[PDB]
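**Student:**
Number of protein chains: 2
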Amino acid sequence: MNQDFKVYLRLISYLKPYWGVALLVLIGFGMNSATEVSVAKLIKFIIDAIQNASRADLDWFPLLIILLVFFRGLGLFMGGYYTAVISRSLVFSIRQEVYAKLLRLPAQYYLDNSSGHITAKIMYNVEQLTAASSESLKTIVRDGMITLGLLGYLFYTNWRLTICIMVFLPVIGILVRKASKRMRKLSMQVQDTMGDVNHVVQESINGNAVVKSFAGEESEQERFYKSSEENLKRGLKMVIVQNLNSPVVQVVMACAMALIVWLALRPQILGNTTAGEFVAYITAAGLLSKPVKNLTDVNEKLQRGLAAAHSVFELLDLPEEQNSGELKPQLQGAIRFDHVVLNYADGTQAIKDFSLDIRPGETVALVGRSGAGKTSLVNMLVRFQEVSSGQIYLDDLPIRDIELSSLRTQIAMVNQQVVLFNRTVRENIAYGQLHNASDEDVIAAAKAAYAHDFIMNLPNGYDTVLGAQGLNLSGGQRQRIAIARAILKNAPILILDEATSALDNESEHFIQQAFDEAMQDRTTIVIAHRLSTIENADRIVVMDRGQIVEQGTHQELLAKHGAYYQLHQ
Amino acid sequence: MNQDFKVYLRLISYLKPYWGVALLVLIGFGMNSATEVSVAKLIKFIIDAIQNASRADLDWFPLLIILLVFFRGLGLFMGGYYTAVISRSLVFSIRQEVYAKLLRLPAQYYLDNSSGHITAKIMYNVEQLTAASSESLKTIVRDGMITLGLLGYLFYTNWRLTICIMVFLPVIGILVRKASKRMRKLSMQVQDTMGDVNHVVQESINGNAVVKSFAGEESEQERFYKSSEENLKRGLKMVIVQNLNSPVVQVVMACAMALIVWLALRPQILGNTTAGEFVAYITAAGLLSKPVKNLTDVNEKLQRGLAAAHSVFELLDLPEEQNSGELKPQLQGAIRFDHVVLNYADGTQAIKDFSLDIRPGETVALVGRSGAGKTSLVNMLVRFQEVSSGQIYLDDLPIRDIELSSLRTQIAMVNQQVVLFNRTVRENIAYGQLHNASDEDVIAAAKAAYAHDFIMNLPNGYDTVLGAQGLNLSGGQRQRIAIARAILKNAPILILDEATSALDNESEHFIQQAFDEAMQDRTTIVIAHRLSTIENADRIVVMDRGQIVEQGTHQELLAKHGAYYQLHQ
Ligand SMILES: CCCCc1ccc(S(=O)(=O)Nc2ccc(NC(=O)CCC(=O)Nc3ccc(NS(=O)(=O)c4ccc(CCCC)cc4)c(C(=O)O)c3)cc2C(=O)O)cc1
Ligand SMILES: Nc1ncnc2c1ncn2[C@@H]1O[C@H](COP(=O)(O)OP(=O)(O)NP(=O)(O)O)[C@@H](O)[C@H]1O
Ligand SMILES: Nc1ncnc2c1ncn2[C@@H]1O[C@H](COP(=O)(O)OP(=O)(O)NP(=O)(O)O)[C@@H](O)[C@H]1O
Ligand SMILES: [Mg+2]
Ligand SMILES: [Mg+2]
Numbered sequence: 001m002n003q004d005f006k007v008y009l010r011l012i013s014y015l016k017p018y019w020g021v022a023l024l025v026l027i028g029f030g031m032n033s034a035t036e037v038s039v040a041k042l043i044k045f046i047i048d049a050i051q052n053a054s055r056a057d058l059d060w061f062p063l064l065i066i067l068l069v070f071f072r073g074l075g076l077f078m079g080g081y082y083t084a085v086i087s088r089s090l091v092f093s094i095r096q097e098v099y100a101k102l103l104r105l106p107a108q109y110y111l112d113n114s115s116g117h118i119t120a121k122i123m124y125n126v127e128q129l130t131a132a133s134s135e136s137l138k139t140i141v142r143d144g145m146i147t148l149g150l151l152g153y154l155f156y157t158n159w160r161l162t163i164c165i166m167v168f169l170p171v172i173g174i175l176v177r178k179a180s181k182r183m184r185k186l187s188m189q190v191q192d193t194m195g196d197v198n199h200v201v202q203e204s205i206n207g208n209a210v211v212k213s214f215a216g217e218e219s220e221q222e223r224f225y226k227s228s229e230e231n232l233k234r235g236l237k238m239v240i241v242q243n244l245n246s247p248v249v250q251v252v253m254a255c256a257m258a259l260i261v262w263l264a265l266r267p268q269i270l271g272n273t274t275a276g277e278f279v280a281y282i283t284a285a286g287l288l289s290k291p292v293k294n295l296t297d298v299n300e301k302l303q304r305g306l307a308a309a310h311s312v313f314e315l316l317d318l319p320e321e322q323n324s325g326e327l328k329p330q331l332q333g334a335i336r337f338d339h340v341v342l343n344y345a346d347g348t349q350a351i352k353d354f355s356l357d358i359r360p361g362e363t364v365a366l367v368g369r370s371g372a373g374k375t376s377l378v379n380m381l382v383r384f385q386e387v388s389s390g391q392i393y394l395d396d397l398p399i400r401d402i403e404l405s406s407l408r409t410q411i412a413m414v415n416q417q418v419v420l421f422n423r424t425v426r427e428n429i430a431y432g433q434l435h436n437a438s439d440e441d442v443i444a445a446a447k448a449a450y451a452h453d454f455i456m457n458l459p460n461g462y463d464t465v466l467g468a469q470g471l472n473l474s475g476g477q478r479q480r481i482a483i484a485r486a487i488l489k490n491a492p493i494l495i496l497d498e499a500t501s502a503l504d505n506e507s508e509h510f511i512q513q514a515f516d517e518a519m520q521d522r523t524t525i526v527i528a529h530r531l532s533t534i535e536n537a538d539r540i541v542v543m544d545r546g547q548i549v550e551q552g553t554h555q556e557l558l559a560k561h562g563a564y565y566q567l568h569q
Numbered sequence: 001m002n003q004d005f006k007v008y009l010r011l012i013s014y015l016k017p018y019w020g021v022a023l024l025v026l027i028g029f030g031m032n033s034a035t036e037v038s039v040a041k042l043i044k045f046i047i048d049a050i051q052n053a054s055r056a057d058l059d060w061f062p063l064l065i066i067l068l069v070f071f072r073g074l075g076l077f078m079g080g081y082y083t084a085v086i087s088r089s090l091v092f093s094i095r096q097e098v099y100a101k102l103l104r105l106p107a108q109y110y111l112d113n114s115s116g117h118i119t120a121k122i123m124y125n126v127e128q129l130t131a132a133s134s135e136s137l138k139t140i141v142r143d144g145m146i147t148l149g150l151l152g153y154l155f156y157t158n159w160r161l162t163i164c165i166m167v168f169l170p171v172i173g174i175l176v177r178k179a180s181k182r183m184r185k186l187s188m189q190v191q192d193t194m195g196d197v198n199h200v201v202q203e204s205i206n207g208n209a210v211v212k213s214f215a216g217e218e219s220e221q222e223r224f225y226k227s228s229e230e231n232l233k234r235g236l237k238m239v240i241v242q243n244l245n246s247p248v249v250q251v252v253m254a255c256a257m258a259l260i261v262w263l264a265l266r267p268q269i270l271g272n273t274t275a276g277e278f279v280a281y282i283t284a285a286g287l288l289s290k291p292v293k294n295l296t297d298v299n300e301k302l303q304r305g306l307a308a309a310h311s312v313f314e315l316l317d318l319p320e321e322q323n324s325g326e327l328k329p330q331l332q333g334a335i336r337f338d339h340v341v342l343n344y345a346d347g348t349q350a351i352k353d354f355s356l357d358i359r360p361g362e363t364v365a366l367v368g369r370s371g372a373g374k375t376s377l378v379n380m381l382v383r384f385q386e387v388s389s390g391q392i393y394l395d396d397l398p399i400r401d402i403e404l405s406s407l408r409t410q411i412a413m414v415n416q417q418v419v420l421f422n423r424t425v426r427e428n429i430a431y432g433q434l435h436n437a438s439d440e441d442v443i444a445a446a447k448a449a450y451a452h453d454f455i456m457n458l459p460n461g462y463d464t465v466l467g468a469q470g471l472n473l474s475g476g477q478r479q480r481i482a483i484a485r486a487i488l489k490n491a492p493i494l495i496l497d498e499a500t501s502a503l504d505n506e507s508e509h510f511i512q513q514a515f516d517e518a519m520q521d522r523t524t525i526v527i528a529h530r531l532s533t534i535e536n537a538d539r540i541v542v543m544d545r546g547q548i549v550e551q552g553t554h555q556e557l558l559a560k561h562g563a564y565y566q567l568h569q
């Protein structure tokens, strides 16, 4: 339960480059505090000048008005503006850090956690951090200082009476604590339910074709309501708790007021400046009412931001993709699987004691049933999945010794399920590490794949902004953009995971003919089911439930009368 | 520029079932207004009882404290709580309406607009509507009434002086308007940039494999910063405008105060109850300072919510999927394409004068190059794309005459790019219209596809919660879940758009053997490139750039020595 202090301290580490502007908020809120205590002083002055008859003093009051207010504004702005600067800026730094963390999270994270839930963390939670911090830091400092000024003033004015207020403080302290802990639990619940609403909406957007074909609209609406309504009945409860706590505190303050007043309304009243001194105390006691109601109202906002900071720090403390390395060039591309075993988070054993040695500039074809672990094997080469027992040596170097970005930039991949961005055709080909390729480099790539001619037929050529998943292009078309992207990469190691599955006989013929000219001392791993493209591979690896069955050339395996010979049914 | 009134009125149509609780906020904020005006009255009373020596009257002051505060809280809660109820509830209704609208948006919307941009509309914008409305309605009503009470009180107290305040109002009015219009433009900019940040993050999540393989992290970070920073320098500008407007208004109020005071500090002061009457006016003038600063501070929050309501109403007024119909059963499934033409939003002509007549319980195979318009044609049958010229008659009934949900529920679809949810295996098979299928129905479907045995090998059988895109399953595996889903549907019309492209020779053999038993007077359209599965089709349609080339049986077309004969290379 003490974990709040740990989160508070962590947050403070971020406001180290803001110490300069931090005192600029204290100066500003210190003078606004000075302006509120000066109100009580002015009411005593205006009475004393009317009582002890001093019109000469009263002539100054109009000049004092346009001065107290001017000096308030100048301090109120200095305090308010810099608070926002510190807050909004500090949160911008967190938004960056949280995003950077995300890009460092492994492939399993992305698989286990939906877009909606992930989004709510960087969006809703970091946005809640902004609002809560920019309003709580403002109120807590501005109205906190005001309270401290007026408490000080009441002590200088009459410490005998002000000291009776301190006995009523453990009541308020217990009342604010009970409400605070209740609203924190609710803050946790209001943010989770919000990530749930985000999840429901994001999924509906992704699966719009299934939602439409299978008429799932009523069912999506139902689950949207379910999560939407929980989120509503939770924020309502939080508001009831808030809107009920602040006045109960005001009433337990009024009881301290009346008791202090009944003692101040004891026989000997002719001591203080009749009205002047008496009214000044009552005015400074009332000038305290509003800044305190503000301090109790900010508690909802404060519990909300604490729940969000806890979520942000949790995200930033998640285990991420392990990266410690060296910048090797992969040269030609020798690959060695030494007693490799691949276990998925869920305990599935996709690869079992797989051992294979690929020589540089060799075309090795992975063939087998679905569930053989072909994609699983190839995914290990780019560290999408970490080796759990065994080793992968790329040029006799343990794969994990190579710096992650140095490995990836050297291994070209044509994934089984083609992934495209909502960017131009050119931006999709010259993506990431290829974002410095010239227009001529892009056209060269699209020509190497059978992509150039269809690109030229699109409404805007290479500048046709592709839709959501490039779903404004046909099946085989999206597939050739992915090939163009990998060809442009021109990497020592190439990976073709069902790269032709959506291509017509004339596209498949040109691309395979253009992949004969792409054995430029380039090691390539082909996962194909069309026994025609497999046929010309240097080595054929028959896989079954993460193990090798057979190995060898198209002739060798057909002569063996086994699995490969039987696959020629 | 007047469009704000149109948005305001629209919003009012939502608070028709809240008229009951609406007066409960006026009662509550009316008594809190009565409590603030009673402060000025009490300060006059406390002075008058001290001046005109009435200790008997002063004995009541302690009871009045615990009464004014008690009656404030009871009104402040009644006003504050019901405001939140009305606000949060009204917005919940909008969140539902906005979501319902979304599910009614066409397939092109989903293609043209990214998940991130769409999300920001239902999430960020509807969340901004909540915050802005629940805080502006509260402040505008509570502090609006207070201002009206104190203005009234100052008129009863001294209307000769209070009337001089009205000449200073067109100054404040011009000052608040200039600031208001400036913050509105900024509110527009702060929300758009937020949808941009959402877009960048959502894309990064979807394309994590490309971001990883092509090392696009630095580039994603850059664009995240670019949109993140714009959003920061815009909210900062809005805050500067706010934090500078409120005090300038306070100073132009102080000038009206000093002028009213210099007239009240003219020779004849011995008229009013010396302190009593004078102080009461000054106190009620100062009790006005804070609720007015609140009314000028709420302007930022108000411009933010207006920009969001404008966005929400724009979303709700978008053209949606046209739906006017009749509940026909599609019976056996006769389909007639009459001089059909398909033009995509962007002007591409995917289908040109396509005419074809399918008889019920016939297997018609669509064959041709990529870019033939096979997917385009099949997509029209489920109204994913509307016919632009020509007609589609399903059982001699114009397709648009059939009610949308009635068409879709009767046409089973196995899409080219398989789409799966982050739900259990069973929930993915028995999705939407099939969400009432029993466990035995699900197992029957997965057995009909080659799915049952691999499902049984997964960590949790039919209860294995599938990942993001079902990417915790292999290629051919995800494909068989989609087949299972369509088999479970058991529809009169079946559509197989490259439904076997990821299946091994033994899965492809079982499924095609299990699809021979799925010609139960069922019309099926097969888009295949494996000339083996096409071979047994009743009719073969050779397509090229949205036109038919050749038509006929496997024998007829091979004997024709044309395109189909040439495809047998
Ligand atoms: C300690 C624990 C308990 C707390 C407690 C205390 C007291 C009670 S109670 O039941 O007696 N109640 C209350 C008792 C007292 C008060 N308040 C006051 O006596 C102070 C009111 C006031 O006169 N405030 C003011 C005046 C002049 C200003 N400034 S000025 O004179 O320079 C000026 C400038 C500009 C204008 C207007 C410009 C436009 C024309 C007017 C005046 C400014 C400014 O600038 O902020 C502000 C409030 C209350 C209340 O219940 O709310 C109960 C509980
Ligand atoms: N992330 C994952 N978590 C758990 N199990 C997984 C995951 N990815 C794959 N598997 C399982 O591991 C086995 C082999 O997977 P996979 O490597 O994709 O096979 P494959 O040979 O590429 N098959 P396919 O592409 O369909 O012809 C299958 O039973 C998968 O469901
Ligand atoms: N939403 C869209 N907007 C614009 N053009 C599109 C859209 N969808 C498809 N097209 C284009 O229309 C043509 C035919 O599309 P499509 O119907 O998907 O062909 P296909 O025959 O299924 N090809 P394939 O699946 O790759 O073998 C192609 O040139 C596409 O890029
Ligand atoms: Mg695979
Ligand atoms: Mg297609």
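The listed protein sequences correspond, in order, to chains A and A'. A prime marks a further copy of an entry chain.
For the first sequence, the authors' numbering gives the first residue as 1, with consecutive numbering after it.
For the second sequence, the authors' numbering gives the first residue as 1, with consecutive numbering after it.
Every residue, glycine too, gets a C-beta built ideally from N, C-alpha and C.
When you check each C-beta in the segment 43-59 of chain A' against every C-beta of chain A, which residues fall closer than 9 Å?
**Tutor:** Here the close residues are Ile43, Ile46, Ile47, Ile50, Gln51, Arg55, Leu58 and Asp59.
**Student:** Quick one: give me the first and last residue of the alpha helix (DSSP H) that A':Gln3 is part of.
**Tutor:** Position 3 of the second sequence holds residue 3 of chain A'. Run containing A':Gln3: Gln3 to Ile12, per the alpha helix (DSSP H) assignment.
**Student:** Would you identify the three-state DSSP class for A:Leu494, choosing helix, strand or coil?
**Tutor:** Looking up residue 494 of chain A in the first sequence gives position 494. Of the three classes helix, strand and coil, the one that applies to A:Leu494 here is strand, per DSSP.
**Student:** What residues sit near ligand 5, counting only those whose C-beta is closer than 7 Å to one of its heavy atoms, in chain order?
**Tutor:** Answer in sequence order: A:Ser474, A:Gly475, A':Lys374, A':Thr375, A':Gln416, A':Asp497, A':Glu498 and A':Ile527.
**Student:** Going by beta carbon distance, what residues of the same chain come within less than 6 Å of A':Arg539, once the five residues before and after it are set aside?
**Tutor:** If you number the second sequence from 1, residue 539 of chain A' lands on position 539. So the list reads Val364, once near-sequence residues are dropped.
**Student:** I'd like to know whether the C-beta atoms of A':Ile429 and A':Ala484 end up nearer to each other than 7 Å.
**Tutor:** Along the second sequence, one-based indexing puts residue 429 of chain A' at 429. Along the second sequence, one-based indexing puts residue 484 of chain A' at 484. Cβ atoms of A':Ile429 and A':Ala484: closer than 7 Å.
**Student:** Would DSSP call A:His339 helix, strand or coil?
**Tutor:** As a first step, residue 339 of chain A is located in the first sequence; it is residue number 339 there, counting from the start. In this structure, A:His339 counts as strand in the three-state DSSP scheme.
**Student:** Out of A:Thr500, A:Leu558 and A:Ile411, point me to the one whose CA is closest to A:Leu394's CA.
**Tutor:** Locating residue 394 of chain A in the first sequence gives position 394, counting from the first residue. Cα-wise, what sits closest to A:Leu394 is A:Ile411.
**Student:** Here's a check: name, in chain order, each residue in its chain whose Cβ is nearer than 7 Å to the Cβ of A:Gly476, leaving out the five neighbours to either side.
**Tutor:** One-based indexing of the first sequence puts residue 476 of chain A at position 476. Cβ within range, chain order: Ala502, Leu503, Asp504 and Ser507.
**Student:** According to DSSP, simplified to helix, strand and coil, what is residue 591 of chain A'?
**Tutor:** Residue 591 of chain A' lies beyond the stretch modelled for chain A', which goes from 1 to 569, so this question has no answer here.
**Student:** State yes or no: is the C-beta of A':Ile65 nearer than 6 Å to some heavy atom of ligand 1?
**Tutor:** For this step, residue 65 of chain A' is matched to residue 65 along the second sequence. At least one heavy atom of ligand 1 is nearer than 6 Å to the Cβ of A':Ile65, so yes.
**Student:** For a contact defined as C-beta to C-beta under 7 Å, what are the partners of A':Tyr81 on chain A?
**Tutor:** Position 81 of the second sequence, counted from the start, is the residue given in the question as residue 81 of chain A'. The answer, in chain order, is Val239, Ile240 and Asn243.
**Student:** Could you name the residues of the same chain whose beta carbon sits closer than 7 Å to that of A':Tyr450, not counting the 5 residues immediately before and after it, in chain order?
**Tutor:** Counting from one through the second sequence, the residue named residue 450 of chain A' turns up at place 450. Correct list, in chain order: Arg480, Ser507, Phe510 and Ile511.
**Student:** Evaluate contact between the segment 218-226 of chain A and the segment 142-157 of chain A, counting only Cβ atoms and requiring at least three cross-stretch pairs below 8 Å.
**Tutor:** Counting Cβ pairs under 8 Å, fewer than three are found: no touch.
**Student:** Identify, in the order they occur along the chain, each residue of the same chain with its Cβ nearer than 8 Å to the Cβ of A:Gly562, setting aside the five sequence neighbours on each side.
**Tutor:** As a position in the first sequence, residue 562 of chain A is number 562, starting the count at 1. Only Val542, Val549 and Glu550 meet the Cβ criterion.
**Student:** For A:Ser115, collect the residues of the same chain with a Cβ closer than 6 Å to its Cβ; drop the 5 residues on either side in sequence, then sort them by chain order.
**Tutor:** Here residue 115 of chain A refers to the residue found at position 115 when the first sequence is read from its first residue. Within the same chain, A:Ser115 has close Cβ partners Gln202.
**Student:** Tell me whether the segment 348-364 of chain A' and the segment 303-320 of chain A' touch, counting them as touching only if at least three CB pairs, one residue from each stretch, are closer than 8 Å.
**Tutor:** In short, these stretches do not touch, since the Cβ pair count stays below three.
**Student:** From the DSSP output, in three-state form, read off A:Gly30 for me.
**Tutor:** Here residue 30 of chain A refers to the residue found at position 30 when the first sequence is read from its first residue. The answer is helix: DSSP assigns A:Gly30 an H, G or I state.
**Student:** Is A:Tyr344 near ligand 2, judged by its Cβ being under 6 Å from some heavy atom?
**Tutor:** For the purposes of this step, residue 344 of chain A is taken as the residue at position 344 of the first sequence. A:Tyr344 Cβ: within cutoff of ligand 2.
**Student:** With distances taken Cα to Cα, identify the nearest neighbour of A':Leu11 among A':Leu288, A':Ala53, A':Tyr344 and A':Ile86.
**Tutor:** Here residue 11 of chain A' is taken as the residue at index 11 of the second sequence, counted from 1. Closest by alpha carbon: A':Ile86.
**Student:** So A':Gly371 and A':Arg530 are supposed to be a Cβ contact under 8 Å. How far apart are they, rounded?
**Tutor:** Within the second sequence, residue 371 of chain A' is the residue found at index 371, counting from 1. Within the second sequence, residue 530 of chain A' is the residue found at index 530, counting from 1. The Cβ separation is near 19 Å, so there is no contact.
**Student:** Could you confirm whether any beta carbon from chain A' is found closer than 7 Å to the beta carbon of A:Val542?
**Tutor:** Taking the first residue of the first sequence as 1, we reach residue 542 of chain A at position 542. No, because no Cβ of chain A' sits closer than 7 Å to the Cβ of A:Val542.
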